[PDB]
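Residue numbers (UniProt numbering), protein chains in the order written: chain A, 76 to 287; chain H, 9 to 125, 133 to 250; chain F, 6 to 248; chain Z, 34 to 264; chain U, 4 to 234; chain E, 20 to 241; chain R, 3 to 242; chain L, 2 to 245. C-beta atoms are modelled at their ideal positions from N, C-alpha and C, and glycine is treated no differently.
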Amino acid sequence: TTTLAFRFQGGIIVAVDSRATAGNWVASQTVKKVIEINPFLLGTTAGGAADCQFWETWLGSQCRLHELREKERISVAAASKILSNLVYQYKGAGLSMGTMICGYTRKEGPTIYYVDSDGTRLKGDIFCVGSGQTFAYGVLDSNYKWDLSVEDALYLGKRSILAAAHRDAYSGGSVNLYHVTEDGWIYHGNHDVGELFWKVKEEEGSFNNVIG
Amino acid sequence: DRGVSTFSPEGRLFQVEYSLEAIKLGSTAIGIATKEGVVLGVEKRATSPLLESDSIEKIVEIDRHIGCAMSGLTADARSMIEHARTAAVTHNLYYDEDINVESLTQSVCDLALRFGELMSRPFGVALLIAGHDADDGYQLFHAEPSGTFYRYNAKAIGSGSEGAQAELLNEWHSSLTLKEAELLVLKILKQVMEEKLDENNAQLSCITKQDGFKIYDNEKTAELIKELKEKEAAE
Amino acid sequence: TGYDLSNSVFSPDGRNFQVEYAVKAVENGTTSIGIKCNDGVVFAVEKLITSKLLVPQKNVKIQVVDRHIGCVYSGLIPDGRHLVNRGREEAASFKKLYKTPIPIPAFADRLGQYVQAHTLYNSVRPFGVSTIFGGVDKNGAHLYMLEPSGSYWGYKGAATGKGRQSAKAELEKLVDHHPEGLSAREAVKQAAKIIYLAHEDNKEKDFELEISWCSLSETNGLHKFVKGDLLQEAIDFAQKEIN
Amino acid sequence: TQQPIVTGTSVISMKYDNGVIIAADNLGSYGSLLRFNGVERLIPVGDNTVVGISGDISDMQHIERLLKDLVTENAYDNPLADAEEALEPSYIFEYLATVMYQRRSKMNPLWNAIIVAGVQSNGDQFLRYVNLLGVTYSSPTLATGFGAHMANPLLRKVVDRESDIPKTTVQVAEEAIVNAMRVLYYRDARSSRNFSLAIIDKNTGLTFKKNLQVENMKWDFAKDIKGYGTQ
Amino acid sequence: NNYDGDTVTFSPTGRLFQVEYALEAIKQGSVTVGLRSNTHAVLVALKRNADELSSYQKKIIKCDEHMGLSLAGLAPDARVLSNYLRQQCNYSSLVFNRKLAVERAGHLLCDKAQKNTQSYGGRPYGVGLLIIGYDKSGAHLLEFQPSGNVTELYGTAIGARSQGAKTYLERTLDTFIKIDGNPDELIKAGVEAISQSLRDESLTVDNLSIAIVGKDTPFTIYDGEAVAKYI
Amino acid sequence: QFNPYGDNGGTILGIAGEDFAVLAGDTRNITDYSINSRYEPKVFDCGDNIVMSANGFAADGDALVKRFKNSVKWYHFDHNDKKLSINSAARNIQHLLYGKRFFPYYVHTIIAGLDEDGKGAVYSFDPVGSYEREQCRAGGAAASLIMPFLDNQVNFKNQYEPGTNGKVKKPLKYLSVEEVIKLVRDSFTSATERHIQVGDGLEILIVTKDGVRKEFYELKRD
Amino acid sequence: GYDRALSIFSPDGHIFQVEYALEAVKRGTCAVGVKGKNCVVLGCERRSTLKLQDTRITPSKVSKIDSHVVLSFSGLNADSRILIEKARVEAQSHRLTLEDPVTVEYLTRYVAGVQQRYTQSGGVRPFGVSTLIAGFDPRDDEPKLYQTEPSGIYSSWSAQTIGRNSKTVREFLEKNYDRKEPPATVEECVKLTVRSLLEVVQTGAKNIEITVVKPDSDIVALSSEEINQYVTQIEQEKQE
Amino acid sequence: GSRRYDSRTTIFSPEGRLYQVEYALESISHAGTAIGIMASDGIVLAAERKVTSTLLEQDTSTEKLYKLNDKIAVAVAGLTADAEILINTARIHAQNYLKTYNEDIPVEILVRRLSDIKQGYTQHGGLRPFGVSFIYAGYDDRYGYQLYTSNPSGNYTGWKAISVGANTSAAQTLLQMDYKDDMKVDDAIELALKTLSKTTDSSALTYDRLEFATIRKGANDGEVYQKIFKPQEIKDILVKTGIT
Ligand SMILES: *[C@@](C)(CO)[C@](*)(O)[C@H](Cc1ccccc1)NC(=O)[C@H](Cc1ccc(OC)cc1)NC(=O)[C@H](C)NC(=O)CN1CCOCC1
């Protein structure tokens with residue numbers, strides 16, 4: 076994996092790859108690594124596939140029960156802490172999870188929480204998680220400003236995953252984009268790296284290391 | 009004294025039969041099922057004018073496709089609702105689908121007889144569980160503390176139940192619209208209620224396939240009350 | 006008073022009225038008997054045909070414990086089954102630890118202690134069955150009869166149920182007239198007669214006969230049901246004696 | 034977590050036109066020491082099933098008791114215990130299979146390989162394998178340990194697929210089994226000359242043969258062999 | 004009187020009044036009928052409603068592909084017992100790869116109901132059950148009572164006014180027992196039998212409930228327009 | 020020290036069509052270098068038009084199929100004989116597998132059938148419960164041999180329209196049941212040639228709205 | 003473990019143990035809650051048969067559950083401690099998992115749930131206590147006042163009273179409290195509360211406790227002299 | 002079963018009272034009177050032994066007054082055996098607090114916990130309550146000198162002066178009359194003895210029928226001392242105040 080999400084002027088961008096691995100064997104190229112918990116909450120998956128898939132789905136059930144009991148959508152902070160407290164109970168057992176809980180609420184505004192399987196829980200504006208997190212950080216950090224437009228921010232997220240997809244052997248397949256606003260999350264399509272790379276290379280003039 | 013799970017000579021459980029008497033003392037709750045949706049309405053019955061009536065929560069959401077109205081010792085219902093909500097969401101987790109209204113009702117009714125010498136006594140509250148699913152469509156169930164549940168086209172429980180049930184018998188047909196069913200609940204509630212019916216002491220709700228389970232606002236119910244009075248005076 | 010309302014309570018006599026009340030349930034039930042013979046034991050029971058709708062031969066009341074012990078009882082049938090289920094657990098644990106199949110006297114005390122245990126507390130009800138049981142072991146043939154109190158003894162012949170006194174009288178004659186002993190095949194024929202004679206005390210509904218036996222020679226020391234030609238031969242012998 | 038101590042070697046078996054044959058030698062090895070020579074490793078259950086067991090003998094004897102106890106339990110409240118509701122080979126197998134997998138799943142296995150051979154009530158031949166891991170499979174020929182490597186090849190020349198079963202008589206099938214037992218005696222360092230054989234036929238029923246010996250052995254060519262090369 | 008406070012107490016004449024009061028709950032229940040031939044076994048059940056706006060209480064429950072029952076009395080108690088039967092039927096399948104015998108099904112229910120009548124705190128089950136099934140010894144019909152007493156029959160009926168249907172079946176015994184290889188006619192005989200227990204009311208489309216099991220027929224239930232054929 | 024896992028070899032394959040779905044698997048069972056059975060089926064009809072296979076360690080495979088079959092049975096009892104949809108069956112299997120996250124079932128699981136719109140569906144699982152719906156999946160020992168062939172022939176990967184300067188891709192389209200079975204047979208004969216744990220026989224279970232049909236084909240026995 | 007079902011139904015459909023628990027509440031000292039436009043005031047009676055008391059150390063009638071919520075009660079004093087303790091623990095647990103203090107509705111719902119659980123659990127009797135729970139939700143200026151009782155039912159009140167002679171003070175509040183225009187200021191709200199207690203108490207000396215709660219965890223208890231000034235002012239206006 | 006013989010100790014009366022608690026209080030009202038008086042510079046504990054026999058060993062005896070820790074003591078009224086169960090629990094609780102926080106336990110905290118235990122016996126468990134009333138006398142650096150009382154109900158309250166056991170009605174009237182806030186310890190000693198001497202059911206109050214104790218800051222500089230009075234010391238203080 077490679078997953079990212081960052082805060083900016085126009086809300087939150089969330090971008091992920093779609094590759095699954097079993098060692099050097101490419102298990103899948105079409106995997107969904109963004110869990111839609113509710114119209115205002117997203118969860119990114121990185122690490123052990125079943126672990127992420129199972130427990131984030133489970134998280135979605137706990138968030139549903141919260142709003143039934145409390146007649147109010149769960150806060151991003153509370154949602155992230157349910158998950159972080161859960162994995163903390165399993166600490167040492169061998170769970171492998173690198174997650175980001177992203178969403179909007181009235182009291183918090185746009186918020187991103189990093190949660191991982193050894194119990195670390197961190198609020199922040201920018202995070203990149205997964206085997207190719209370093210590659211995404213390189214492109215994202217060097218191009219990031221708060222005053223980015225929705226159009227530019229979407230592209231930067233897409234371009235950062237593409238960068239990691241290229242270099243990281245354990246990332247790739249396709250890019251899944253999301254945009255989170257005050258009105259909720261908006262899906263911005265699946266982008267196959269097969270075509271996206273050459274489209275970006277040509278139009279942007281980048282990736283000069285590759286034989287054109 | 010005597011055992012909690014004791015049978016009477018007529019072949020009935022004393023404690024279950026006594027809990028039914030508690031339910032008769034409770035406030036009225038009515039449910040009507042149509043092909044366009046199911047309607048649930050209740051009598052709030054504030055004990056004093058200083059009590060803020062909007063805090064009286066006798067209609068309750070279980071899931072987006074299942075609603076619930078109660079009557080009797082309403083405090084006993086909290087754990088029943090909690091179980092129902094957990095069951096509904098749990099099934100959604102295990103099977104990636106909405107849970108059938110009958111299966112939900114059956115799950116709640118399994119708690120009913122789990123008492124003896133488990134909890135110390137039966138529940139002192141009856142429930143009207145209304146919902147929709149893809150298989151059997153719009154459904155209304157009456158769940159008792161005996162562990163038994165009947166499906167109904169329309170049903171009234173509480174203090175004005177027998178009088179209201181006889182009224183529903185005449186009025187109900189298989190081609191009722193939702194608007195008709197809303198007015199019919201208000202009409203019958205106003206008949207059996209002690210105090211005069213208005214938007215503050217009575218509450219309406221419905222469940223449709225499209226919009227799911229919704230509790231009506233006091234502004235919306237007030238207009239349905241005004242629409243009801245005009246139509247009765249019109250003939 | 007109130008001494009009979011609770012189980013395990015001594016009356017001023019020194020009696021447990023709840024157990025004596027359980028005996029009344031036993032007396033109410035159908036007749037069952039047991040006959041000890043030369044090299045084994047025979048069991049028989051009265052099955053009342055309530056209706057034509059009862060499937061013949063398909064409501065079996067005699068039960069086997071392990072492979073060498075037969076059990077029959079009168080009174081509350083479910084209580085009897087519960088006791089046999091325990092017997093089967095007891096016999097299984099004995100064989101598990103000690104290898105050899107449980108001896109009849111050993112087995113008898115296992116049931117005896119269990120039934121007696123149900124007279125020690127008010128939280129449990131005494132057993133509503135008298136159980137006639139026995140079989141063949143290393144020391145030979147044994148016949149026992151166990152009661153609601155936990156009381157049991159060894160018997161030459163045993164009987165319980167609504168027609169116990171009739172059967173007891175008929176059993177006593179066999180003990181007197183056959184001091185040297187009674188054969189296994191003879192005991193089956195006699196068992197049929199005694200059930201038929203004991204049926205006079207329950208003659209509204211007609212009945213169905215059911216016999217079983219353990220014998221060192223005839224059944225090779227194992228518990229078997231009497232069926233087919235040998236059963237019909239025993240019925241005909243009984244029919245000839247009543248007329 | 035175990036380690037097997039007193040062990041039993043190959044159990045071999047095959048189907049034929051009217052039933053099944055199964056065989057296993059009478060040895061209880063203690064490592065390289067051939068300790069016990071009077072060990073019966075074929076155990077009949079009723080008159081229509083034979084269970085052949087290899088591996089740890091203490092665990093074999095535990096399984097013996099479980100089967101012995103299963104017959105007793107089935108007879109309880111069962112007027113048709115010797116007829117329609119008698120124990121079938123398939124029932125006996127599935128029970129053991131369940132036990133074996135439950136034990137491996139508790140990390141405390143019964144250190145055995147088992148072959149259940151028998152005939153069903155409708156005349157169908159039953160033959161199926163199960164081991165310490167709970168792994169199950171069925172085939173016209175089945176064998177454990179060295180039998181799997183040496184016996185199966187020979188037995189598969191007689192019955193290579195399903196269609197070859199009707200074409201195989203009991204005479205032909207028994208000859209192949211007895212031959213395979215000889216080959217195992219030549220080549221298995223933990224095997225003995227003495228063995229037992231069982232036939233379960235749909236017509237003639239259960240035939241249990243004891244105290245058989247491997248005979249017609251070729252050893253005469255040994256005298257002509259000298260050294261290990263030059264000599 | 005003084006001896007009916009709980010199930011742990013015997014009366015002076017040797018009666019268990021709590022068990023008898025549980026038996027009374029069955030008599031209040033709606034009528035249901037059971038009967039069989041040699042090939043098929045049939046359940047017919049009169050369903051009951053609270054009023055015209057209500058549904059009709061479902062009486063018949065499926066336990067396995069080859070077994071099920073009809074209830075009369077406390078419905079929740081039927082749910083508890085039927086669930087237990089479902090588990091036992093299922094245990095027999097998973098562990099032994101064996102369809103649970105209808106006779107054993109009865110023995111298991113008897114022993115479950117018994118434990119409730121001998122211990123303080125608990126209560127007897129307040130429901131009667133008619134179990135039908137087709138196993139290795141053909142078709143079967145059982146009558147369960149919460150006293151613990153289970154009885155195998157050719158035909159029977161339990162509930163309110165069940166004596167009318169029970170007498171009819173006692174007369175018709177010789178006729179309906181030989182309805183072999185004909186489902187519809189065996190049902191017709193059952194529908195005619197339950198009709199002898201009707202008063203004022205008659206069999207309507209959403210009132211009648213029929214179930215059947217047999218040689219080449221899994222346990223299936225018929226309700227609604229599917230039972231219009233038999234009115 | 021006792022090792023509770025084993026490898027029983029073999030390989031399985033699932034393909035989905037427009038109004039059908041197939042689940043294939045060889046009939047060979049092995050341990051180490053010995054053949055245990057030449058015909059031991061591991062693709063099972065589980066009811067409700069759901070076929071299932073759990074390839075890898077046969078003891079864990081059989082145990083899982085046995086539990087899911089049982090899960091289908093209790094679904095009918097608890098929810099008024101409702102048909103278990105393929106998507107619901109998938110999620111249920113996830114919980115079965117993840118239930119043993121810390122002592123896993125050593126199997127790659129594949130189920131096939133039809134979705135609620137009547138269209139063909141294949142779901143595939145990892146050993147601890149991860150799942151994903153696909154048009155195409157191969158599982159087991161020879162998955163690495165077969166899977167890339169499927170990418171090329173079912174999803175038309177790396178295939179462009181002739182003469183379009185590698186600009187226009189070959190359009191995606193559903194395959195007929197006749198064309199799918201051709202790909203299945205070729206996939207298994209190819210895998211049999213180069214993988215020692217694959218051979219003996221091929222058993223295919225086809226799923227349409229009409230029901231579950233079977234087809235068997237011989238494979239090389241070496 | 004002691005299992006006996008102590009709370010059970012009777013032929014007429016009543017659970018007597020729960021109803022007898024209400025009688026214990028009726029015996030208890032009076033407690034009143036009045037909420038204004040920007041505040042809530044909790045008034046409490048203290049019986050004057052106890053002189054030689056040490057008011058420094060004697061348990062106060064109004065208890066802080068958190069910095070923003072308070073709880074007063076009527077009924078058995080020992081029983082009230084157990085509810086208060088559980089409530090205080092749940093308050094800290096909520097802050098720990100949700101990262102936000104409890105709402106007054108949530109805290110009330112929890113306390114009511116505990117009370118209910120003791121009406122259908124074996125071996126236990128119901129709480130002989132009714133409570134008034136008041137406060138302000140986090141980042142909210144709308145006043146909240148709730149009431150609970152032994153049965154487990156709870157509800158929101160504009161103003162409410164419980165305890166002995168509560169039916170007298172409830173009568174006073176029903177005519178004196180205007181829904182359209184609640185007490186605009188703190189002084190007005192405290193005065194109305196003291197007025198309502200003066201219908202029942204006896205003397206306005208060391209018999210009345212007042213606790214004022216304002217938004218953003220602003221809670222203070224009034225002293226004797228401060229309360230006495232309200233008593234002096236009300237009596238002079240009364241003589242008219 | 003056993004239901005038949007259950008007294009149901011933890012239930013309400015129709016009037017909303019706890020039967021067993023009320024009856025336990027009736028029991029305590031026959032016990033020897035115990036008095037506690039709190040002064041500005043200390044606390045006095047005085048108690049009357051239950052009808053003494055002349056052959057009772059008086060010096061090596063403890064019936065009424067018990068030490069919980071160095072800063073806290075209690076006077077007992079009711080069943081002694083019951084009190085000792087509770088006292089050992091209190092002694093342990095005080096040591097747990099010291100072990101946890103490295104500070105002597107505040108008086109109210111110890112009193113609350115002991116009272117919470119009594120409450121438990123009135124709400125659950127099906128057991129009879131403890132037939133005991135305590136007067137707690139103690140000091141801590143928050144509230145200084147403190148007097149509390151607890152009863153079988155588990156309810157506790159604070160006091161300037163208080164009596165428990167027999168004749169509390171008469172005793173409380175006499176204390177309410179002569180007590181004032183600026184009182185000293187030596188004055189409170191005199192008041193305690195004078196109150197017992199008038200409320201006693203005995204003919205005359207003597208040294209052999211009393212237990213007495215003080216908690217002063219009468220040690221050297223800013224520290225608290227507990228004085229459990231010896232027989233001879235009670236004899237002297239009884240003469241000094243002019244009662245004998
Ligand atoms: C990139 C591709 C690097 O793996 C991502 O982290 C990716 C995230 C992901 C999220 C959702 C769905 C699919 C993929 N992770 C994987 O693909 C993951 C890598 C991984 C494997 C094993 C691990 O040990 C805990 C940790 C990470 N791959 C898997 O989980 C594969 C498909 N499954 C297995 O290896 C099954 N194992 C898991 C551990 O338990 C034994 C069985």
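Query                                                                                                                                                                                    : Result
Looking at the strands, I want to know which residues DSSP matches up with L211(U).                                                                                                      : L49(U)
Nearest chain R C-beta to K198(A) closer than 8 Å, yes or no?                                                                                                                            : no
In this structure, how does DSSP classify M140(Z) when only helix, strand and coil are distinguished?                                                                                    : coil
Taking only heavy atoms of ligand 1 into account, decide whether any of them is closer than 7 Å to the Cβ of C127(A).                                                                    : yes
Determine the chain D residues that contact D54(U) at a beta-carbon separation under 8 Å, and present them in chain order.                                                               : This model lacks chain D altogether, as its protein chains are A, H, F, Z, U, E, R and L.
List the residues that DSSP assigns as beta-bridge partners of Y150(E).                                                                                                                  : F144(E)
Assess, as a yes-or-no matter, whether the stretch 52-66 of chain F is touched by the stretch 49-59 of chain U under the definition of 3 or more beta carbon pairs within less than 8 Å. : no
Does the stretch 138-149 of chain H come close enough to the stretch 215-234 of chain H to have 3 or more Cβ pairs within less than 8 Å?                                                 : yes
Quick one: grab the DSSP three-state call for residue 309(A).                                                                                                                            : Examination of residue 309(A) is not possible in this model, given that chain A is present from 76 through 287 alone.
Between the Cα of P15(U) and those of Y26(F), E185(F), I38(F), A189(F), spot the shortest distance and give me the residue it belongs to.                                                : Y26(F)
CB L148(F) to CB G155(F), shorter than 8 Å?                                                                                                                                              : no
Chain U partners of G127(L), CB-CB under 8 Å?                                                                                                                                            : Neighbours of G127(L) on chain U: none; closest Cβ ~15 Å, over 8 Å.
Closer than 8 Å, Cβ to any Cβ of chain E: which residues of the stretch 209-221 of chain Z, in chain order?                                                                              : none
By a C-beta neighbour count over all protein chains shown, 10 Å radius and 16 as the cutoff for buried, is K167(F) buried or exposed?                                                    : buried
Output yes if chain L places a C-beta closer than 8 Å to the C-beta of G124(U); else output no.                                                                                          : yes
In the stretch 77-89 of chain U, which residues sit with their C-beta less than 9 Å from some C-beta in chain H, listed in chain order?                                                  : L77, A78, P79, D80, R82, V83
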